[PDB]
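Have a look below at one chain only, the form deposited in one PDB entry, in structure tokens format.
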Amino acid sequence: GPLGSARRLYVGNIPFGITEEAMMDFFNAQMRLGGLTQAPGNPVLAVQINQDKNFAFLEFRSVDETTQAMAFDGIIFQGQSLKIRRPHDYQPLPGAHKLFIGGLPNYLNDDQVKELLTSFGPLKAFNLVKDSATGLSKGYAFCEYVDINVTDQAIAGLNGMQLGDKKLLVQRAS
């Protein structure tokens, strides 16, 4: 559900043969050295390793320390660059990363506007704002990417871009 999986992280590319205790000790040490821990003690409570598919799940004692540990993505552990991700059934709340897109040509329809956006990744929400009586586009839209990490990429790739006689605006809607 909406509040599920908030204290766990997926860790991929773990070093071959590593133990759960070693992984646990490494992350707890890094949390402390890196200044990511928010109270005395160990933020990582447990590590569950799948040796066959070479991945682990970390369980944290708190929601906010789980979030902080996302910053370890790519950290090198016994020669291996670790892949750190949210669990697949973790989701931010609806609208958390809604985008505003302004400066669109009024003659473009929904699908045409969406084509520009979906080049960065799939969308879980989209609406092109139209005049209700005439059905004509007002030249701005909102969207949300399935993968929320795509949000900053769309902004970086589209914001301030030339588009016809306009300069496109793409920013977080709140």
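We number the residues from 1 along the sequence you see.
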Mean temperature factor over C-alpha atoms, higher-scoring stretch between 103-111 and 59-67
103-111
Mean Cα B-factor check, 159-167 vs 7-15, entry values; winner is 159-167
Sorting 31, 129, 143, 148 by Cα temperature factor from the record, which one lands on top?
148
Which third of the chain holds residue 96 when residues are ordered by C-alpha B factor: lowest, middle or highest?
highest
What third of the chain does residue 40 rank in for C-alpha temperature factor, lowest, middle or highest?
highest
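Beyond what is shown, the protein has a form deposited in another entry; the following relates to that form.
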Distance change of 3 Å or more between the C-alpha atoms of residue 144 and residue 74 in that other deposited form: closer or farther compared with this structure?
farther
Work out the direction of the Cα-Cα change for residue 11 and residue 122 in that other deposited form: closer or farther than in this form? It's 3 angstroms or more.
farther
